[PDB]
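Naming convention: chains lettered A, B, ... in sequence-line order (proteins, then strands); numbering from 1 in each chain.
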Protein chains: 2
Amino acid sequence: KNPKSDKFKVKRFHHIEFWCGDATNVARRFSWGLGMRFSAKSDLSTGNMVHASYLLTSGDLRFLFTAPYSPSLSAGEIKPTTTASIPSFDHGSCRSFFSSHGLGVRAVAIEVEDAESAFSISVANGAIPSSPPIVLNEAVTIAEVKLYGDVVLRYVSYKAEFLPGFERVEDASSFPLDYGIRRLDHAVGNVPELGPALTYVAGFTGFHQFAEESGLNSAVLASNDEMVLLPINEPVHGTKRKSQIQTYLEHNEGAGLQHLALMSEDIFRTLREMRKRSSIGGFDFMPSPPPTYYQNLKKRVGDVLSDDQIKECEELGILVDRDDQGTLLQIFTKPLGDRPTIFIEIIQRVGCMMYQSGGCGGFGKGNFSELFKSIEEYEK
Amino acid sequence: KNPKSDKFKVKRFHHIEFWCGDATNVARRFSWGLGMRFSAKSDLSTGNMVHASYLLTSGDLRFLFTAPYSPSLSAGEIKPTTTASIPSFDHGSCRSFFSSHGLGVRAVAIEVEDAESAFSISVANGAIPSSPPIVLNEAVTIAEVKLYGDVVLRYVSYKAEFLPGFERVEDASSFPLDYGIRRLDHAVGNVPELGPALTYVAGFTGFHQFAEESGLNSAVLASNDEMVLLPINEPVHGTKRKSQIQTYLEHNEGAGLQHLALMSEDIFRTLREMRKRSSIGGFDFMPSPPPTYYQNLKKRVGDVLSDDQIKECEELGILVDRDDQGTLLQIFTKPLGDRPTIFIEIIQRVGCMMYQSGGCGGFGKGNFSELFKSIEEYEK
Ligand SMILES: Cc1c(C(O)=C2C(=O)CCCC2=O)ccc2c1C(=O)N(Cc1ccc(OC(F)(F)F)cc1)CC(=O)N2C
Ligand SMILES: Cc1c(C(O)=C2C(=O)CCCC2=O)ccc2c1C(=O)N(Cc1ccc(OC(F)(F)F)cc1)CC(=O)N2C
Ligand SMILES: [Co+2]
Ligand SMILES: [Co+2]
């Protein structure tokens, strides 16, 4: 049941912004590891004396990496005279965020019809304001409200090239890397208490609950066409094996974004390319399931995937889950940085053709039990 | 003239330590960009609840990348019970350093015969103490004094594998990258006033002055065998074109390490490999000289380098300088991070065979004028 209760018009995920200590090194690492190209910049060379911001793109996926300069470079400025291209940026907020949480997602940005109205309606409906609507060059409006922890939900709306003040990147620096990633499928938060988190976010967005012992309870909020998907997890406590949600909250100093799920047009090629680069600057992947897991795949998805396609999953460590509607291929990186906090999921969905409807195949929750079984079975 | 006046026995450069916001992402970027392998770690997986530290090696070159965890993980600890493998580490010092200077070198470490005696003699002779001598596992002693700005000179001495508490890295993560870099040739500081900086450092080390308008004055301090080389620069002010030393001091919030010079066993192969990777996660290089610079090379080094070897320099943007003793091939990266502060130099030296004596060919100071001339000549 989709009651289509969005309180404002939401379009798609727009971008994800990482707050960094050094944006250059994080962005270069991510670019090589994920196959995203450098597409825009806002920094000293564009007249920004406040923050360094670099944009990577792959298909429709946009990753933004931002770090503060010395406040001394902009000490003469006031907000009316700022050279920052992202007016919500604040040196002290950014340093406090990074000291508290380490490397992670500050902003989950969605494109909306009218960011000012989305902001007003959100706050009218319980949203805690974070940055008021600001119109950039009479062309783009941006506004921010609190989502969970120190993560903000950022609204962006265009009258009619990322943001004013960003420059498109010189082709010599823009190497056309592409490993097949195409868009953000969902963005997931970890919180101490799921109930209040859900009530708050669904309260101010109108997002509805999307239809669904090892660590967590979770629920998923979705926009009208279910293309914006925001799962939220809470720990289950005292569980024999320690909850990965609780470990997150400890090392992150509280709630924050747990993982970003990146849809690939060809997950086999994406994983081949990412795995070639794991030990030369890219990303590592979580330990693969035992062969029993892939022996058990035939009985569960043998009508969706051929033997060769199942064997290809086994080579790459890919996990498979299935719903009543569709099938999900997925795999998880190790944490992106020093702390066991944020990681990335690569996914591809099979089914639900209408275009493909959102959330086709679910989020892989069936893989908790099927993994656990596989390990005890393989213990043989 | 080498009066060999070291006040304690100094051996070689040992390692360079970067203080980072996220050590994982900086270390992965540097590993790919410079061809250094992951050789040791000290982090949560080794029982360190204080800091994440990763060591890259190439030949004798050791780069250490360190970042703090949440203080909350180690809140119960006191220095006698610390899980930190580097006892001089301090959460607050590290966050203050990074907020103030951005990504950069905290420690220039040299191996000495006896770090405790080097520390005592240094402080007896004017050195400002930074961290007192601490013996690690009855095997290694480490101590630190202030060098310039917030950079420390770290003494390390071994009774008889990097440091106790570091683990050697799992071979699956240790991809044997190697682009030819072999050791640290020299480490260079920028200061507001050269005179007091020289007097201070030469005062407590016994290092002697090593024998030598566009931006700077400089002087070089050297150990007895001139294998530890510490150049120091100061700006020249009001100079038509802005001093790169002054730009450094502005963006770095004062004095700090300007560049690390990395000797290559084969600078042509190193530059080929680094340049292939510039736009896919590695390092960029400063703008190459015009062809007039390479036309003028024949008259200056045609007895050292063949036409093919000179043409190979031209393909790679390599600079050449020469002394009365030897010849220097060199080239400079763009800044390593967001701020126009620290960069890296790749070098190879020809001549001074005895082994090769240190500083053979100088530091490239003749390339300031020869570059400037080349640009005006090429303006034609
Ligand atoms: C984050 C995550 C998702 C996931 O995407 C979401 C959502 O999107 C929304 C709904 C909640 C949800 O969680 C889906 C599957 C998943 C993980 C995952 O984090 N992990 C780490 C992990 C845990 C337990 C473990 O032990 C064992 F139980 F044996 F596997 C080993 C690794 C491992 C793992 O295996 N799967 C299969
Ligand atoms: C740091 C540095 C060294 C260097 O290693 C040291 C030492 O080790 C110890 C002794 C002091 C010393 O400086 C040597 C050569 C060098 C640079 C350098 O930083 N730079 C940037 C730069 C400046 C001016 C410029 O304009 C023009 F003058 F036309 F070139 C363009 C780029 C450029 C450049 O060209 N050379 C040739
Ligand atoms: Co997921
Ligand atoms: Co140099």
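Residue pairs that meet the ring-ring contact (aromatic ring centres under 6.0 Å, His included) test with at least one member in residues 117-157 of chain B, sequence neighbours left out, are B/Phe8-B/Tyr155. Contacts classified as salt bridge (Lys or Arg N to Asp or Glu O under 4.0 Å) and involving residues 336-351 of chain B (residues at least two apart or in different chains) are given here: B/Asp185-B/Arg349. Sorted by first and then second residue, the ring-ring contact (aromatic ring centres under 6.0 Å, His included) pairs involving residues 93-117 of chain B (not counting sequence neighbours) are B/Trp19-B/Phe97, B/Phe97-B/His101. Residue pairs meeting the salt bridge (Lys or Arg N to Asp or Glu O under 4.0 Å) criterion with at least one member in residues 15-33 of chain B, sequence neighbours excluded, are A/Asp284-B/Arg28, B/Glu17-B/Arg154. Within the structure, the salt bridge (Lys or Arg N to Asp or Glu O under 4.0 Å) test picks out the following pairs touching residues 249-263 of chain B (sequence neighbours left out): B/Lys242-B/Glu250.
Interatomic distance, A/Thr83 OG1 to A/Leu44 CG, rounded to the nearest 0.5 Å: 9.0 Å. Distance check, rounded to the nearest 0.5 Å: OG of B/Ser122 to NZ of B/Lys7 gives 9.0 Å. Atom-to-atom distance recorded for B/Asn233:CG and B/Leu216:CG is 5.0 Å, nearest 0.5 angstrom. Here the CG atom belonging to B/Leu64 is positioned 9.0 Å from the OG atom belonging to B/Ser42, to the nearest 0.5 angstrom.
Applying the side chain to side chain donor-acceptor pair (under 3.5 Å) rule to B/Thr270 yields the partners B/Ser264; only residues at least two apart in sequence or on another chain are considered. By the ring pair (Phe, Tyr, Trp, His ring centres under 6.0 Å) test, B/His186 is found to be paired with B/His259, B/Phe363, residues two or more places apart in sequence or in another chain being considered. For B/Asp178, the side chain to side chain contact (heavy atoms under 4.5 Å, CB included) partners are B/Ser58, B/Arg182, B/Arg269, not counting sequence neighbours. Shown here are the side chain to side chain contact (heavy atoms under 4.5 Å, CB included) partners of A/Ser45, two or more places apart in sequence or in another chain: A/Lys41, A/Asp43. Residues that satisfy the ring pair (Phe, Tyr, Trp, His ring centres under 6.0 Å) test with B/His15, not counting sequence neighbours, are B/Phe162. In this view, A/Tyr54 satisfies the ring pair (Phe, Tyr, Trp, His ring centres under 6.0 Å) rule with no residue, not counting sequence neighbours. The side chain to side chain donor-acceptor pair (under 3.5 Å) check on B/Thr247 picks up nothing, with sequence neighbours excluded.
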| field | side chain to side chain contact (heavy atoms under 4.5 Å, CB included) evaluation trace for A/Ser99 with B/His91 | value | CA-CA 10 Å; A/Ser99 125; B/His91 292 280; over 6 Å; no
| message | Could you go through B/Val123 and B/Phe204, starting from their C-alpha distance and side-chain angles, then the distance that decides it, and tell me whether this counts as side chain to side chain contact (heavy atoms under 4.5 Å, CB included)? | response | CA-CA 7 Å; B/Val123 175; B/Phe204 77 73; over 6 Å; no
| Going through the checks in order, is the side chain to side chain contact (heavy atoms under 4.5 Å, CB included) test met by B/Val320 and B/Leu329? | CA-CA 5 Å; B/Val320 190; B/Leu329 311 171; 3.6 Å; yes
| query | Would B/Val169 and B/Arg37 count as a side chain to side chain contact (heavy atoms under 4.5 Å, CB included) if you check the C-alpha gap in whole Å, the side-chain angles of each, and the deciding distance to 0.1 Å? | reply | CA-CA 10 Å; B/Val169 164; B/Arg37 49 189 311 184; over 6 Å; no
| request: Could you give me the CA-CA distance, side-chain angles and deciding distance for B/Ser131 and B/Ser88, then say whether side chain to side chain donor-acceptor pair (under 3.5 Å) is met? | output: CA-CA 6 Å; B/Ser131 172; B/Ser88 65; 4.6 Å; no
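In this structure, B/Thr81 contributes its side chain and B/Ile78 its backbone to a donor-acceptor pair below 3.5 Å. Between the B/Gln356 side chain and the B/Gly351 main chain, a donor and an acceptor come within less than 3.5 Å of each other. Side chain of B/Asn224 to main chain of B/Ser5: a donor-acceptor pair is present (N/O by atom type, distance under 3.5 Å, no hydrogens or angles). Judged by distance alone, with hydrogens and angles left aside, the side-chain atoms of B/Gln246 form no donor-acceptor pair with the main-chain N or O of B/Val236 at under 3.5 Å. No donor-acceptor distance shorter than 3.5 angstrom exists from the side chain of B/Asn137 to the backbone of B/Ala139, with no hydrogens or angles considered. Between the side chain of B/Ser31 and the backbone N or O of B/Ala27 there is no donor-acceptor pair closer than 3.5 Å. Without hydrogens or angle criteria, B/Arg183 side chain to B/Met263 main chain gives no donor-acceptor distance under 3.5 Å. Judged by distance alone, with hydrogens and angles left aside, the side-chain atoms of B/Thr205 form a donor-acceptor pair with the main-chain N or O of B/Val201 at under 3.5 Å. B/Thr341 places no side-chain N or O within donor-acceptor distance of the main-chain N or O of B/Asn252, the cut-off being under 3.5 Å. Of the possible polar contacts, none joining the B/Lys11 side chain to the B/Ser157 backbone as a donor-acceptor pair under 3.5 Å is found.
At least one side-chain heavy atom of B/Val108 sits less than 4.5 Å from a side-chain heavy atom of B/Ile16. In this structure the side chain of B/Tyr69 never reaches within 4.5 angstrom of the side chain of B/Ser74, judged on heavy atoms. The closest side-chain heavy-atom distance from B/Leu249 to B/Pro235 is below 4.5 Å. Within the 4.5 Å cutoff, side-chain heavy atoms of B/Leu262 are placed close to those of B/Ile344. With a 4.5 Å cut-off on side-chain heavy atoms, B/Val10 and B/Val112 count as touching. In this structure the side chain of B/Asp225 reaches within 4.5 angstrom of the side chain of B/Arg12, judged on heavy atoms. Using a 4.5 Å heavy-atom threshold, the side chains of B/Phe166 and B/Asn48 count as separate. Contact of the B/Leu34 side chain with the B/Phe63 side chain is registered, since non-hydrogen atoms from C-beta on lie closer than 4.5 Å.
Of the options B/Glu111, B/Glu113, B/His14, a side chain to side chain donor-acceptor pair (under 3.5 Å) to B/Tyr158 is made by B/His14 and by none of the others. A ring pair (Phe, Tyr, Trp, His ring centres under 6.0 Å) with B/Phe30 is found for exactly one of B/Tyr179, B/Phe18, B/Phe38, namely B/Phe18.
When all heavy atoms of B/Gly126 and B/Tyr200 are compared, the closest pair comes out as O-CE1, 3.3 Å. The two residues B/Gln244 and B/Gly215 make their nearest non-hydrogen contact at OE1-CA, 4.2 Å. Closest approach of B/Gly326 to B/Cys360, counting heavy atoms only: CA-SG, 3.9 Å. Shortest non-hydrogen contact noted between B/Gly317 and B/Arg275 is CA-NH2, 4.1 Å. The two residues B/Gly337 and A/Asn25 make their nearest non-hydrogen contact at CA-ND2, 3.9 Å.
Donor-acceptor pairing under 3.5 Å is recorded for the side chains of B/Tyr293 and B/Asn367. Side chain to side chain, B/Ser357 and B/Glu226 fail the donor-acceptor criterion of an N or O pair below 3.5 Å. Side chains of B/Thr46 and B/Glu167: a donor-acceptor N/O pair is absent below 3.5 angstrom, by distance only.
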